[PDB]
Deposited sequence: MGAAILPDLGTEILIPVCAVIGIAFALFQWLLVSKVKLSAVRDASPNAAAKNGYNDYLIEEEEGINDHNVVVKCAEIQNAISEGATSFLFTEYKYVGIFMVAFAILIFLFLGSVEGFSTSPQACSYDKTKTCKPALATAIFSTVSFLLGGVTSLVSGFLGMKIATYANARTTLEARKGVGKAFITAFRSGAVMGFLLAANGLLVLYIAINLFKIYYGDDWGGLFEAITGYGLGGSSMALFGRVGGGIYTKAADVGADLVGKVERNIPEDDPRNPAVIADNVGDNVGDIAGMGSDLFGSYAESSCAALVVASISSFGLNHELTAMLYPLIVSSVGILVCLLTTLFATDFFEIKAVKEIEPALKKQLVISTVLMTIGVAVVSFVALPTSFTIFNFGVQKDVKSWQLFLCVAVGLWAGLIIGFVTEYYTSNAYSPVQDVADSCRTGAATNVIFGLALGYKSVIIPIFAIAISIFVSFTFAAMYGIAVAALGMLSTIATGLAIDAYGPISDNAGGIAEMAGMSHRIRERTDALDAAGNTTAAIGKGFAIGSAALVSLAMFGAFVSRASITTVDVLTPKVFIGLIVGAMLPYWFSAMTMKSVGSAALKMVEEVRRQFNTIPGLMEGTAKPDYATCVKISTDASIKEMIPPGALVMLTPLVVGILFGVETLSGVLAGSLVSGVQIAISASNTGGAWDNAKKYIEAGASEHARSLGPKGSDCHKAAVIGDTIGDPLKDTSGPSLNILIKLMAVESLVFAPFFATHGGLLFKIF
């Protein structure tokens, strides 16, 4: 039948919560604004703002340049969507048989091509708008976090997390509202044809990850080229401190945090939210929910998202108001509490949403067959994905925090040089993948068993049902990182930079956890999409042991390595040029090393700007062209193979790269902090140990900030892309097999 919550209640609840979310984000922005500063001790406060503006400008300058290219591609690709999807029915204007029920009549395919194009641009534009906001808050709160470190750790933490929360809640509340609006607009046209409505809607997730792919890779290349170049000439060669205003690469470095770690990461996670929702929507759309036009249950994913915002609001209070940090050793435990608190609160929240927004019995589309499903079983589906994420977080903290043996052993290995650091870090990351895969596998079993592709898609949404807290703890990191850079560039005391270093180290672990959630839910949503693709393409069986499927499987598995090779070599070449420029200045600019002369910052921003824009194109092309090339030339069976192989394979290298990189970084931080006998034993800064740690750190740079986190996008992009173009592929694809 129907549920306790009436459709009208759902129609109110969803945007009410979105607006509560947007409201809450503006509140925290206002609080952060209470910290005053301007560029026209008090003398520090002007240097801090003079610096913030250098970064703010540089960040903005890059994103605008990046957006110019990405928006053009967005428009070109939106045309490809219209053409290809429009061509299935010969661009007819008449209705046809429903793909999901020949007895019924649907809206014309050509209408769906148009709405798929529309939802795509919606998603593309919402994606670019996601990273840009996050950059604005990050570049607003960075210097404000510096200044508040003149009052202790706990105060600086607060403004960084408040600001992290601003990014998290704006992104979460705005992605939900745009979807909700899109759905309801689209509905005026589609009427009773919900199947085609949400099939149109799925372009939203395609729009998101498409633009996110270029943000993560483009921003990733900008930031890490500067990162390696600055750190190498500065710390390893000239023995000057990290983030030293003498170093001409420090602006690009700190611009880079916002441009990649914030902007790219923001878009990245939006794509995760959107795909997850869309996936749950397309499967529900042709299940009992959509066939019986029951709006509430249909919009179950958005309802879960809405309560999610509320829960995270309550949670955030525990760190921003209810509690104060006194000891550096409290920072990480504080951040982790957010995960634990919200996971527990949300377990209750989903129980409630399940109990009032679902019928006790319904059906779920199951490869041609309605499957009998109980609401307590959907409860377990979203719950298993929610807990899988907490587990993933806990494991990721274990392998990347310097408060535990794995990372401490790695710092230790510096006693014998960079070579043993690199060897220990590689092995650490390979080691780190075990439990996450297991968490994911359990998630898949539990969710697949209960509710087919819907359960999986809803388990993915489950893992991202706390997306606002997740983003907040993550965005806090690059905000903290920028803060310690403003400290060192304004020549503030040793006491200041020690506090930001404690915050930054926590944000390193935070960033790996985000990377983990991104990878965990990507694996889930991609499987759901893979399944929905197989159905929509009218494949009977994806039989592993057939030539078309296997060559697909083995080639698809090779894809994330190819992508890695591009992006790694990309940073490797750009970083090589950066080293040469920093040297050129330290060697040919008189008085520079002395501290009397000014470094040419712009040259370093130009080097990493030139490299990122030229070199984001091939890996993007690789990921967008593959579904099309394989789908057109080889056919849906093969594209099925490519979808399975790139999922199972790309996940191992994504987890291991991000963790290895995170580890080398925090090992390096450990030595630099000297907060224990062992830590001090490997120092001081400048030591042979410390330098080995820096070598390891800078190899981890592209691994965890360019190639690593982007690999989760490669997977989930190719998956929607395949789902969206499925009708085209099944009709007009397979060419090499037809013409022979």
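> In sequence order, what intervals of the deposited sequence carry no C-alpha positions?
Going by the record, the segments left unmodelled (no C-alpha atoms) fall at 1, 42 to 66.
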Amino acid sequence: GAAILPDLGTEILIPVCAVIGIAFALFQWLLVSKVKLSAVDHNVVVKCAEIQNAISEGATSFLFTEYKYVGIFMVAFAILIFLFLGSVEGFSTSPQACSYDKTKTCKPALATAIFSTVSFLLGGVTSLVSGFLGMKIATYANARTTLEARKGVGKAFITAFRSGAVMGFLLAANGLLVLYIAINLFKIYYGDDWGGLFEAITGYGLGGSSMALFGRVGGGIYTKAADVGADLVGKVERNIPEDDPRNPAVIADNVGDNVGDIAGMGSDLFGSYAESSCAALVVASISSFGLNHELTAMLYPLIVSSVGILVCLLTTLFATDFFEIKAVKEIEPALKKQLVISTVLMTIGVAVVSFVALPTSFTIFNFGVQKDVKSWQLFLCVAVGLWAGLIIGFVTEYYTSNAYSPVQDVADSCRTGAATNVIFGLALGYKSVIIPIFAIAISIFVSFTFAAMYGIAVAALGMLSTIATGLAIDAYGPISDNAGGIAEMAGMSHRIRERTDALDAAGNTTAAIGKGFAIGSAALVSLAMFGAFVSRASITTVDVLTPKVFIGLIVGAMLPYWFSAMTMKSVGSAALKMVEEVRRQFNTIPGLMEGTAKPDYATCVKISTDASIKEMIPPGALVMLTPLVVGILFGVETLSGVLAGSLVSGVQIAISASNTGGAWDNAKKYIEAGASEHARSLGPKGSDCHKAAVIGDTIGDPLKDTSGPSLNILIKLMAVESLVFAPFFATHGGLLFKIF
From here on, numbers count along this sequence of modelled residues.
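> Looking at the deposited entry, does 621 to 629 or 577 to 585 carry the larger mean Cα B-factor?
Result of the comparison: 577 to 585.
> When the Cα temperature factors in the entry are averaged, is it 453 to 461 or 252 to 260 that ends up higher?
252 to 260 has the higher mean C-alpha B-factor.
> Choose from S681, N712, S56, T698 the residue with the greatest Cα B-factor as stated in the PDB record.
Reading the PDB entry, the winner on C-alpha B-factor is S56.
> Compare the CA B factors listed in the entry for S640, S658, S94, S405 and report the winner.
Among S640, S658, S94, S405, the PDB entry lists the largest C-alpha B-factor for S94.
> Ranked by Cα temperature factor within the chain, is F115 in the lowest third, the middle third or the highest third?
Tercile = middle for this residue's CA B-factor.
> Compare the C-alpha B factor of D244 with those of the other modelled residues in its chain, then answer lowest, middle or highest third.
Within its chain, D244 is a highest-third residue by C-alpha B-factor, going by the deposited values.
> Where does the C-alpha B-factor of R536 rank in its chain, lowest, middle or highest third?
It falls in the middle third of the chain.
> Lowest, middle or highest third: where is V694 by Cα B-factor in its chain?
Answer is lowest: the recorded C-alpha B-factor places it there.
> Taking the values exactly as deposited, rank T706 by C-alpha B-factor within its chain and report the matching third: lowest, middle or highest.
Answer is middle: the recorded C-alpha B-factor places it there.
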